[PDB]
Amino acid sequence: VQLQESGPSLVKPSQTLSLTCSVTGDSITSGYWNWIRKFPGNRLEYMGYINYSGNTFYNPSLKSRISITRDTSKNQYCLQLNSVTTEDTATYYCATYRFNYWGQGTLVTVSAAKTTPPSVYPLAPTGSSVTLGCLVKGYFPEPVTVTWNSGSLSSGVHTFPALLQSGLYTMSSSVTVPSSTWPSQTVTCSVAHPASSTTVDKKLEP
Amino acid sequence: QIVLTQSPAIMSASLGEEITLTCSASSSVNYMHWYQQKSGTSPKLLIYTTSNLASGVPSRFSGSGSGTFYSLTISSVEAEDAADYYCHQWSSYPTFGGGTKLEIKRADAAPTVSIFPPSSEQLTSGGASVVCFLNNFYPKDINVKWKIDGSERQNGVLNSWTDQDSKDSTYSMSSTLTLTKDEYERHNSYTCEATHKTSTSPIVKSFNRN
């Protein structure tokens, strides 16, 4: 079973937050299909579900402004949250019955500010191994995903969490490869920033 | 809303140990779910309905308890067990516990230090960031010192720690010294120093703008 959250990453305050969960592998005509969100500080909050027969159940504290619908013909179910505030800024997940399998989740931020794309700066310098990197700077909002060579190097990659600076975010990613690999073979970091719909591909030069 | 308290906030464990994580409820709960969330991935169901092992989960996990007190037990703790653990109750108002982080203990390790000069791109934009990577060390406690032409620098530095690595139980840090292009080209030598408890003699990486 695979679940996939999709939808905007920015929602202006007092507007309506909408997200779709695409389910593949099983049909949403069985079991239970939940929405869950996570705040900074390891705080999980259950939102609600829609079940096999279309019945819904919502968190009592969210019931007045939440709606969960479904499209059986697409095997997808949707989340709708009205009148969002800063307090609604969180990472939204969709999960199956008993929260067995989750989606990758998506970070939605409530703000009226514009999206600012990240600048991607390469990090390059002997040794049997070489440490390369990319500096991702001056973006808003969170998050970004940095992948090296289409996930071929996930082992040896370090993803350093973003920190806030002057209203803009900055993170970095490092990768370590045999000295034989680079720069004999091309090593490229791909930085995705879904909020600004931007993808930056920086090749590491010696 | 039923409050679920998890004690302790942070649990320390050694390889091969058997640990118990606890979840205290403000009122009686019929059954308890348990969830593991490693870094970079989504939460995963470990135990459902108090004591039932979920699919794709090793037998070294076991859940016990009843009423207002429930336990999660992990036998033969491996490095991959480094994660956050949440308990969960289902009622008219479902809630999660605050979570318990499992830190893995291991042999001390020195950081391999790498230093990087500002990119040609950033300089063109008029900015200058000097980055220093301190990868795969233990324990987490460590200080980084930036020296510009001999003089220590504290303004314009930002440090970011990774979560504990699930493979080798180590930690990594990224130190970034950000300046203006003018400020960067106002000096020549740039140095980052790593002082870790694995050695009284710091690890030094440097370069010259020349």
Side-chain angles (χ1 to χ4, degrees), chain A residues 119 121-127 129-138 156-166 168-176, chain B residues 103 105-120 122-123 126-165 168-210:
Chain A
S119 299
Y121 302 131
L123 303 176
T126 58
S129 303
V130 52
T131 299
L132 300 172
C134 280
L135 183 62
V136 180
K137 189 166 188 293
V157 168
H158 291 293
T159 302
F160 303 88
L163 283 312
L164 188 55
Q165 171 182 345
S166 67
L168 291 179
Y169 285 99
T170 294
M171 61 88 62
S172 65
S173 177
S174 68
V175 61
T176 299
Chain B
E103 293 176 348
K105 279 185 294 298
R106 56 153 291 141
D108 297 335
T112 58
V113 180
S114 302
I115 192 173
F116 300 91
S119 60
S120 183
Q122 187 184 13
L123 291 171
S129 298
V130 193
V131 183
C132 203
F133 286 143
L134 283 66
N135 300 343
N136 301 81
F137 61 92
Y138 186 88
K140 194 259 191 182
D141 294 328
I142 192 177
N143 61 77
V144 57
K145 188 181 180 182
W146 284 94
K147 290 183 177 178
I148 300 184
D149 277 345
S151 301
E152 184 179 349
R153 185 63 171 266
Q154 294 87 343
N155 288 126
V157 295
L158 296 176
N159 308 283
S160 178
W161 276 261
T162 62
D163 298 329
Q164 185 167 28
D165 190 78
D168 62 7
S169 311
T170 63
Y171 292 84
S172 303
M173 192 235 299
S174 175
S175 188
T176 301
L177 171 63
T178 304
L179 317 169
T180 71
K181 181 190 174 185
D182 292 339
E183 181 60 30
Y184 169 69
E185 293 179 327
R186 191 175 307 173
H187 307 270
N188 177 36
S189 177
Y190 287 84
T191 302
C192 66
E193 292 184 354
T195 308
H196 198 235
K197 87 165 187 177
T198 51
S199 181
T200 59
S201 182
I203 301 185
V204 180
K205 279 299 184 302
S206 189
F207 66 92
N208 305 286
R209 193 171 47 84
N210 297 327

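In the text below, chain A, chain B and the rest are named by the order of the sequence lines, each starting its count at 1. All values below come from the heavy atoms of this structure, side chains included, with hydrogens, waters and symmetry mates left out.
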Handout entry: With sequence neighbours excluded, residues passing ring-ring contact (aromatic ring centres under 6.0 Å, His included) with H196(B)
Key = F137(B)
Handout entry: CD1 on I203(B) to OG1 on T195(B), rounded to 0.5 Å
Key = 9.0 Å
Handout entry: Under the side chain to side chain contact (heavy atoms under 4.5 Å, CB included) test, residues paired with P161(A) that sit two or more places apart
Key = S160(B)
Problem - Side chain proximity check, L179(B) to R153(B), heavy atoms < 4.5 angstrom - result: yes
Exercise for the section: Output all residues satisfying ring-ring contact (aromatic ring centres under 6.0 Å, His included) with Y121(A), sequence neighbours left out; order by chain, then residue number. Expected result: none
Handout entry: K197(B) atom NZ, over 12 foreign heavy atoms within 6.0 Å
Key = no
Handout entry: Sub-4.5 Å side-chain heavy-atom contact between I148(B) and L177(B)
Key = yes
Practice task
Evaluate the criterion side-chain contact (heavy atoms from CB on, under 4.5 Å) for residue pair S129(B) and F116(B); output intermediate values, then yes/no.
Solution key: CA-CA 9 Å; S129(B) 298; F116(B) 300 91; over 6 Å; no
Problem - Close side-chain approach of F133(B) and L123(A), heavy atoms under 4.5 Å - result: yes
Practice task
Look at the side chain of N188(B) and the backbone N and O of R209(B), then say whether any donor-acceptor pair between them is shorter than 3.5 Å.
Solution key: yes
Exercise for the section: For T159(A), enumerate each residue passing the side chain to side chain donor-acceptor pair (under 3.5 Å) test, keeping only those at least two apart in sequence or located in another chain. Expected result: none
Handout entry: Heavy-atom side-chain contact between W161(B) and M173(B) under 4.5 Å
Key = yes
Exercise for the section: Could you tell me which residues satisfy side chain to side chain contact (heavy atoms under 4.5 Å, CB included) with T170(A), sequence neighbours excluded, listed by chain and number? Expected result: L135(A), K137(A), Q165(A)
Handout entry: With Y190(B) via side chain to side chain donor-acceptor pair (under 3.5 Å) - residues at least two apart
Key = none
Exercise for the section: Would you indicate whether the side-chain heavy atoms of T112(B) and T131(A) approach each other to under 4.5 Å? Expected result: no
Exercise for the section: Mind checking side chain to side chain contact (heavy atoms under 4.5 Å, CB included) for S189(B) and listing every partner two or more places apart, or none if nothing turns up? Expected result: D149(B), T191(B), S206(B), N208(B)
Practice task
Go through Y138(B) and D165(B) one step at a time and tell me if the side-chain contact (heavy atoms from CB on, under 4.5 Å) criterion holds.
Solution key: CA-CA 10 Å; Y138(B) 186 88; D165(B) 190 78; over 6 Å; no
Practice task
For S175(B), check side chain to side chain donor-acceptor pair (under 3.5 Å) against everything at least two apart and list the hits.
Solution key: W146(B), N159(B)
Handout entry: From CG (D108(B)) to OG (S199(B)), nearest 0.5 Å
Key = 12.0 Å
Handout entry: Sequence-distant partners of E185(B), salt bridge (charged side-chain N to carboxylate O under 4.0 Å, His left out), two or more places apart
Key = none
Exercise for the section: Quick one: which residue pairs count as a disulfide (SG to SG under 2.5 Å) with a foot in residues 171-210 of chain B, not counting sequence neighbours? Expected result: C132(B)-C192(B)
Problem - Flag, side chain of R106(B) to backbone of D168(B), donor-acceptor distance under 3.5 Å - result: yes
Exercise for the section: Measure the spacing between CG of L158(B) and OG1 of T176(B) and express it to the nearest 0.5 Å. Expected result: 6.5 Å
Practice task
Only pairs at least two apart or in different chains count here, so list each salt bridge (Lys or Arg N to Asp or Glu O under 4.0 Å) that has a residue in residues 134-147 of chain B.
Solution key: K145(B)-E152(B), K147(B)-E193(B)
Problem - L123(B): partners by side chain to side chain contact (heavy atoms under 4.5 Å, CB included), with sequence neighbours left out - result: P118(B), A128(B), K181(B), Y184(B)
Practice task
Answer whether the closest heavy-atom distance between the side chains of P125(A) and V130(A) falls below 4.5 Å.
Solution key: yes
